[PDB]
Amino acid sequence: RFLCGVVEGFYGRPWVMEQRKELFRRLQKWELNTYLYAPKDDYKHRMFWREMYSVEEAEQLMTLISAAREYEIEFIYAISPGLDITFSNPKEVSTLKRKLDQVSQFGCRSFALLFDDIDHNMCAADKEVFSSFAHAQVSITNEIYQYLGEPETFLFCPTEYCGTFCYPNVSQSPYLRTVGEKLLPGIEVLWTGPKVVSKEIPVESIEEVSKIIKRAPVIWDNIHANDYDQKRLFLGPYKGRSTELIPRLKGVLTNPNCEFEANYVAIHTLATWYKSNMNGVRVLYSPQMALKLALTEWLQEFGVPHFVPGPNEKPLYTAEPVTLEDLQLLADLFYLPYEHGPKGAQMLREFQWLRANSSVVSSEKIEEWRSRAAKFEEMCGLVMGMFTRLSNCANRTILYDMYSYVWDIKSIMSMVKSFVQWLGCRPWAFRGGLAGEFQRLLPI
């Protein structure tokens, strides 16, 4: 009984119903099993958590939940009341009960209460009834859990949800100690690893948290999340999680990129990772092999919607389709939060070398520069080629989700190329807007 799949848990434009239903189809195809509904900015999930769904909204959520059932995917409805719930007010607890029972009437059997990303200070009234913030959360989570009939899946997201958020540390946290003692054993707890966006989730870090919350956690993995940096996108493989974690966890739910169609690799490789050690206890997964397996499959989606010129006539612009090597390049340029893929790292390293040795144009090492320059111009050329062929693909829906990222990298790479050519001889200047001018003044 392992919860593996996807949480729609990010800030910004949520996914629409058509996209969520298409997620369920992909999760089933790849032998995953769970979806957690938690879009930070879907209004009736968090900001207006008190408000019941309209008849129109009710119909859409019913339809969505029946679609999950049809694709053998567990639907878990989360609610986020912590910005403004008065925990001690039984009217307020009733309002929360009312909302979750409305969703229960749509056919949903699994639920979650989330208390992430709220400040830890209670109102006067709650400080008279509860001795700490943790007691307050645990009290209503426990009451809600039993009101719903102790459902087989019920998740709790702590305020201290990762190593670095734990005061003073994970193993001595008064907040976590109270959760692990008082939260009913049937309830699962969400955790993101040592950090919000964890480079690695070591097994010993999970032993440490497990003994204080007194269960194995479900991981809410933010490895492929991109709601925090407007320029970033993550198409690298699931990585930095040993397959030995699987027996030490209740699940992994990935919180992937905002742009729905960018999550093919993110979700596909997660499925490859889970499947590789589905039945372990106490070298099964290769990230690089999994990326390749995912990109080969993704490629087939690009040629699917969602005159022959003479010897001396202008040839078709549109003739060349996207190739596996284009997607390999794109993925290496938009790889992972703490690492670029091999080609990106290599281009970056070559450009730094070229620039730092550029004064040698002005005798032996000139042929080193010219040859390295030309090899670098070719690589920039492949980035423009990749953009050009993407731009011409039949799957417009995929193109539109990626577009502004692919344009950006192509655009910058063309400008870098142009600069290396300029080294070999000797309109949009405030790049990044106001935000960018403040960044340039910070340390790096």
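Quick note: we count residues from 1 along the sequence shown, nothing fancier. Here the rigid core means the biggest group of C-alpha atoms that line up within 1.5 Å when the two forms are laid on top of each other.
Please tell me which region, 352-360 or 201-209, has C-alphas lying farther from the displayed form on average in 5 other deposited structures of this protein, with superposition done on the core. Once the cores are fitted, 352-360 deviates more in 5 other deposited structures of this protein.
Going by root mean square C-alpha distance after a core fit, say whether 212-220 or 365-373 is farther from the shown form in 5 other deposited structures of this protein. Looking at 212-220 versus 365-373 in 5 other deposited structures of this protein, the farther one turns out to be 365-373.
Does residue 426 go missing in at least one third of the other entries compared here? Result for residue 426: often missing, at least a third of the compared entries.
Do a third or more of the other compared PDB entries fail to give coordinates for residue 282? Per the records, residue 282 goes unmodelled in at least a third of the other entries.
Count of coordinate-less deposited residues separating residue 306 and residue 307, as none, 1 to 3, 4 to 9, or 10 or more? Gap between residue 306 and residue 307: 10 or more unmodelled residues.
Residues of the deposited sequence left unbuilt between residue 427 and residue 426: 10 or more residues lack coordinates between residue 426 and residue 427.
12-20 versus 432-440 - which carries the larger mean C-alpha B factor in the record: Higher of the two, by average CA B-factor, is 432-440.
Select between 376-384 and 38-46 the stretch whose C-alpha atoms have the higher average B-factor in the entry. The stretch with the larger average C-alpha B-factor is 376-384.
For the listed 160, 227, 325, 204, which has the peak Cα B-factor recorded in the PDB entry? Most elevated C-alpha B-factor of the set, per the entry: 204.
Going by the entry, which of 286, 242, 80, 139 has the most elevated CA B factor? The record points to 139.
Please say which third, lowest, middle or highest, residue 329 falls into when its CA temperature factor is compared across its chain. Its C-alpha B-factor belongs to the lowest third of this chain's values.
Chain thirds of CA B-factor: placement of residue 57: Residue 57: CA B-factor falls in the middle third of its chain.
Where does residue 147 sit by CA temperature factor within its chain: lowest, middle or highest third? Answer is highest: the recorded C-alpha B-factor places it there.
For residue 409, return the chain-relative third of its C-alpha B-factor as stated in the PDB record: lowest, middle or highest. Its C-alpha B-factor, which the entry lists for residue 409, ranks in the lowest third among residues of this chain.
Where does the C-alpha B-factor of residue 341 rank in its chain, lowest, middle or highest third? Answer is lowest: the recorded C-alpha B-factor places it there.
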